[PDB]
Amino acid sequence: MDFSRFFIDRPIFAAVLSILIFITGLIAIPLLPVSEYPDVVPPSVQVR
Amino acid sequence: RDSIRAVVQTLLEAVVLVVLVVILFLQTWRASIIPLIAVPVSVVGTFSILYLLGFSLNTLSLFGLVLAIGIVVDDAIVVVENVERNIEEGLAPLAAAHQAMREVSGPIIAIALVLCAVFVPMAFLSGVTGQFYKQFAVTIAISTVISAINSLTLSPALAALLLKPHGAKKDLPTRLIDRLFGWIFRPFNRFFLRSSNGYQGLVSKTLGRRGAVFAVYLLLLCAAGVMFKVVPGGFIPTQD
Amino acid sequence: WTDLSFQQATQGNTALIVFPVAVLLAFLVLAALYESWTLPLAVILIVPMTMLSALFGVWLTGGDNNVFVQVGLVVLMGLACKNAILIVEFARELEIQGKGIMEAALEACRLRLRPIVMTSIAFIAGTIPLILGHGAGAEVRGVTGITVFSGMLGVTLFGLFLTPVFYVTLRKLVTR
Ligand SMILES: CCCCCCCCCCCCO[C@@H]1O[C@H](CO)[C@@H](O[C@H]2O[C@H](CO)[C@@H](O)[C@H](O)[C@H]2O)[C@H](O)[C@H]1O
Ligand SMILES: CCCCCCCCCCCCO[C@@H]1O[C@H](CO)[C@@H](O[C@H]2O[C@H](CO)[C@@H](O)[C@H](O)[C@H]2O)[C@H](O)[C@H]1O
């Protein structure tokens, strides 16, 4: 609770931390590939 | 090859000059030691991390190293300016270092963090221009982090042991510099005092006429913009 | 299109989301250090001032804003950032020790005056070897050196003068 003790007396620090997390996620979303399902289709090789 | 020699030449230069500067301001052989150790082990240490991230020595990365030695020195100076200023206000060198790092320690990690905040995103720029920026940025940022670790661990400690209380006695080294190079010590220490005093006078008046300071900063930033777009753009400059 | 012209024609401009993301990121860190949403602007708002100054060296010469001088510009404004950060934190801590805002900023400038000038004079003494000497890549080393001179001059002058004005201005509209 000394962790929380430090943070409640420094609320701007807490806001900054939550905003940093939110910002990294916000810049991550456009970078992520949009598919249906994770990659589970097994790769195959054709020999002709 | 030339770039390599540059990165070593400048480094030794960066040592020599910095030690001169400290003996001019913190006039003791004691303090001059510690940036002489601080700035090499930083830049050289950079190489290790540069290896782990798969980079290579090249004109651009070594250029970034040459740029980064400067912030490395700057950290060393701030640390020992503060510790010897503690000794000046009359603290034992160990307690001097304690108070000094209480004053600037958490700052230093904050400035390392903001420097990373401005430098690391440069590695994700686009275009071959961006791939050059990437070498510059990564080299500078890892040098910043290593230099901050050095400024928080080795430099303050080495100040604590190396430096003794002010006055004490100008020792063998210190007596040598005192006699030999007291040639030009005093005139410009006292000129520095007078220039200081003028400085707080100037700020004290400007802190009264803050509206005019805002008025010049305005349209100075407009000149900055027009000049950002009239000075030629940025691409790789051709060389012999 | 072909070659690097083709790469230009297909590449995007991620700087338009790299520069802002950097800026506020620094802001966020400073906001945590100062415990203030406004005190960071004491540092940030002075860094475009050094840029012009450094850039002015190129206008002195007639060179170009090639990638090397661009990274040099960013580096010197980072140095300006660190100077401003340290003096601003010193002023704020002085205020926490019972001093008024204006005398705190005055005395913070007073304490930090010496380290800034010694760092800058060390650099500007290392700058003269960066307009002559021996070795190749002369265009690169030069186009960095002239800027480095003018930019360090701007760094010191505008830190030591604007940051106290910016600090006192910013802190007057939050104490009511
Ligand atoms: C849709 C939202 C999605 C993005 C979410 C990101 C998380 C957002 C969290 C940040 C919340 C706002 O952050 C919060 O701002 C307030 C108001 O300025 C700060 O408060 C500050 O100003 C107030 C004045 O009102 C003072 O009383 C206080 O001492 C001071 O800390 C808080 O210390 C900070 O925690
Ligand atoms: C506190 C320390 C700071 C550390 C924080 C680091 C923050 C880094 C964020 C930099 C800004 C994000 O910038 C992001 O760069 C990526 C590079 O992958 C760009 O991405 C671009 O190249 C990638 C990789 O080839 C492609 O997959 C993508 O389709 C394309 O848009 C994004 O368009 C941009 O959103």
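Protein chains in written order, with UniProt numbering: chain Z, 1 to 48; chain F, 337 to 576; chain X, 865 to 1040. C-beta atoms are modelled at their ideal positions from N, C-alpha and C, and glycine is treated no differently.
Requested in this report: Counting only runs of 4+ residues fully inside the stretch 345-430 of chain F, write out the alpha helix (DSSP H) ranges in chain order.
Outcome: 365-388, 395-425
Requested in this report: Tell me whether Z:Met1 sits in a helix, a strand or coil according to DSSP, three-state version.
Outcome: coil
Requested in this report: May I ask you to check if the CB of F:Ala448 is nearer than 6 Å to at least one heavy atom of ligand 2?
Outcome: no
Query raised in the report: So, are the CB atoms of X:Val907 and F:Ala453 less than 7 Å apart?
Result: no
Report task. With a 10 Å radius around its C-beta and 16 neighbouring C-beta atoms as the bar for buried, classify X:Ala948 as buried or exposed. Result -> buried
Query raised in the report: Using 7 Å as the limit for Cβ to Cβ distance, is X:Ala895 near chain Z?
Result: yes
**Report entry** Any non-hydrogen atom of ligand 1 within 6 Å of X:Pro884 CB
**Finding:** no
Query raised in the report: Going along chain Z, which residues have a C-beta under 7 Å from X:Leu892?
Result: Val16, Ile19, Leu20
Requested in this report: Could you give the DSSP three-state label for Z:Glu36: helix, strand or coil?
Outcome: coil
Query raised in the report: From this set, X:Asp928, X:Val1032, X:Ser1014, X:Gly1001, which residue's C-alpha is nearest X:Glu953's C-alpha?
Result: X:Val1032
Report task. Return the CA-CA distance between F:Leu529 and F:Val566, expressed in angstroms with no decimal places. Result -> 41 Å
Query - Same chain, Cβ closer than 6 Å to F:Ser339, five either side skipped, listed in chain order - result: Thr395, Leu398
Report task. Could you tell me the boundaries of the alpha helix (DSSP H) in which F:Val456 lies? Result -> No alpha helix (DSSP H) holds F:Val456; DSSP gives it neither H nor E.
Query - Sequence-distant residues of the same chain with beta carbon closer than 7 Å to F:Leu389, five excluded per side - result: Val474
Report task. Note the first and the last residue of the continuous alpha helix (DSSP H) segment covering F:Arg522. Result -> 521-542
Query - Beta-carbon separation (whole angstroms), X:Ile960 vs X:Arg976, contact threshold 8 Å - result: 17 Å between Cβ atoms; not a contact.
Query raised in the report: Does the stretch 1011-1029 of chain X come close enough to the stretch 538-558 of chain F that 3 or more CB-CB pairs lie under 8 Å?
Result: yes
Query raised in the report: Which residues, taken in chain order from the stretch 1-13 of chain Z, show a beta carbon closer than 7 Å to some beta carbon of chain X?
Result: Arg10, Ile12, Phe13
Query raised in the report: Apart from the five residues just before and just after F:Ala448, which ones in its own chain have a Cβ nearer than 7 Å to its Cβ?
Result: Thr480, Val481, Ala484
Query raised in the report: Taking only beta-carbon atoms, is X:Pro884 less than 7 Å away from chain C?
Result: Here the protein chains are Z, F and X, and chain C is not one of them.
Query raised in the report: Taking all protein chains shown into account, do 16 or more other C-beta atoms lie within 10 angstroms of the C-beta of Z:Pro42, making it buried, or fewer, making it exposed?
Result: exposed
Requested in this report: Determine, using beta carbons only, whether F:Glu349 comes closer than 7 Å to chain X.
Outcome: yes
Query - Residue from F:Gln345, F:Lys470, F:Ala560, F:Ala428 with nearest C-alpha to X:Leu916 - result: F:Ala560
Query raised in the report: Cβ of X:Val911 within 7 Å of Cβ of X:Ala873?
Result: no
**Report entry** Z:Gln46 to Z:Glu36 span [Cα, whole Å]
**Finding:** 25 Å
Query - Rounded straight-line distance, which links the Cα of F:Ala431 to that of X:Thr983 - result: 25 Å
Requested in this report: Give the single residue among X:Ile881, X:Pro904, X:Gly997 whose Cα lies nearest to the Cα of Z:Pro30.
Outcome: X:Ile881
**Report entry** Pair within 7 Å by beta-carbon distance, F:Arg366 and F:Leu498
**Finding:** yes
**Report entry** Cβ distance (whole Å) where F:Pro457 is taken to contact X:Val939 below 8 Å
**Finding:** Actually they do not touch by this definition, with Cβ atoms about 15 Å apart.
Requested in this report: With a threshold of 16 other CB atoms inside 10 Å of the CB of F:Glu420, please say whether the residue is buried or exposed.
Outcome: buried
Query raised in the report: Which word fits F:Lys505, buried or exposed, when buried means at least 16 other C-beta atoms lie within 10 angstroms of its C-beta?
Result: exposed
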